[PDB]
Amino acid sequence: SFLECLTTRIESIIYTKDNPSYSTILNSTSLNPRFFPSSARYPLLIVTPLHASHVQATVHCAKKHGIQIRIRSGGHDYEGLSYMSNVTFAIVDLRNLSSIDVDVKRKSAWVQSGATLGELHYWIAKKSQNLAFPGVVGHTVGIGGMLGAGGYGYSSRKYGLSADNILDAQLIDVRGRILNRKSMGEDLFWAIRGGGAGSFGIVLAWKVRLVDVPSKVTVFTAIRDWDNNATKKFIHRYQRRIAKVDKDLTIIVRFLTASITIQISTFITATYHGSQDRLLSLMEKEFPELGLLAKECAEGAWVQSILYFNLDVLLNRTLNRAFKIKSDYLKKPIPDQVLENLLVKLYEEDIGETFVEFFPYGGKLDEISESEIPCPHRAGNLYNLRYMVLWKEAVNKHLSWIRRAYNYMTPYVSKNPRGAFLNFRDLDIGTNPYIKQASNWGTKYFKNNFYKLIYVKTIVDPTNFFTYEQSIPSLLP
């Protein structure tokens, strides 16, 4: 019944299950093969709007006919919420809403939200080698959900999250009225930058800040074997020191198991905004134990750092293992024996199919108030630990391993609330069935911003049309 409403309002943009190009659309950005066997990943329909009129028509029809909407930019949702539901749903995919307009003179760019971050980086790089928008590591990440949840990458300690560099946005309201930052008010504008944007509206474009980047950016990857080297108690120094090391430098740690003769390997990877000479000087000054040899570094343009962590046009292809992620915030460093007890669990799974990662939260992330955007994890956070398990299509063993490791780490991590990064979506922390129960997941994502979030939600979508597993609830039923 619903599809008649759409076509009557405003073609060949409606992809029903019968339509011969249906499945290829659906799989293309359902990017978590853990959810492939699910029986909730088949929507009634998929709209790929080209203009805001299509978005308004879709919202109008889906509200008036009991259909749920699954907003999609890139499909990188760790829990795959953007392409599945337990209710009759339809995907509004912003694939073909992706225009990018770069303003070198004003240091800003209007990027339509269905564009990937690799595209934004590429189109900034062909205009300047000294402007950039700092983002996540994965270059296939859609801009829409990325800026909706906020964004952490190798450059966040210098410039903050991606949501800390947003100037304006354009959005489709539950009423279907097109509104930018100026006409929407700054409570809702506050919401969309780092709150659950799918629970506030469908965001079609963002005017985003561009930031200076030196013409020399240096990356490095240092592989060191955790098994026995007492020399790598730099990790011990790293935990208690990396959040206050010079903010141009972000070192990310990855823990996995790899065969050498099965032992535990440590991948120390980093970006530094400056020349290799100065990077070597700084890190030898602070962490002379890592032994970062100059042959382990790479200077270049910023875009080459982007390439390193992913013919100088390689960022425009979105063609590239099932997995689950958990995240945790450390406000005091993990005691050593506890850390080794956590790491030995890596052998409980197949070689290199499980990761434990440290993401540092220093520099500019201290400077920014917990209320600046919905993301509250600013000051006192040493880093964001990521638990990771991988496999292909019993699955319960992988999930049991991840949940066990998390629960072992329980007494040593953030407590009230137990922090959780929104980009690392994790349905275990809580779901919606009212506000008391939903606060369980809300306060973990947003410490006290969750309450402002509910207030804005009740004003903005009182009927709770924009609802999903982790949508901000409304006070009015």
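In case it trips you up, residue 1 is the first one in the sequence shown, and so on.
Unmodelled residues of the deposited sequence between neighbouring positions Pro433 and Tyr434 number 10 or more. In this entry, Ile10 is separated from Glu11 by 4 to 9 residues of the deposited sequence that have no coordinates. Higher mean CA B-factor, judged across 413-421 and 56-64 from the recorded values: 56-64. Looking at 174-182 and 323-331 together, the entry lists the larger mean B-factor for 174-182, computed on C-alpha atoms. Across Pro360, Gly380, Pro376, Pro288, the entry's maximum B-factor at the CA atom is seen for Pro288. Of all the options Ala405, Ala125, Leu385, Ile143, the entry's greatest CA B-factor is assigned to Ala125.
Looking at the C-alpha B-factors along this chain, the one for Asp187 belongs to the lowest third. Looking at the C-alpha B-factors along this chain, the one for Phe255 belongs to the lowest third. The entry lists a Cα temperature factor for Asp164 that places it in the lowest third of the chain's modelled residues. Split the chain's modelled residues into thirds by C-alpha temperature factor. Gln437 is in the middle one. Per-chain ranking of the deposited C-alpha B factor places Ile202 in the lowest third.
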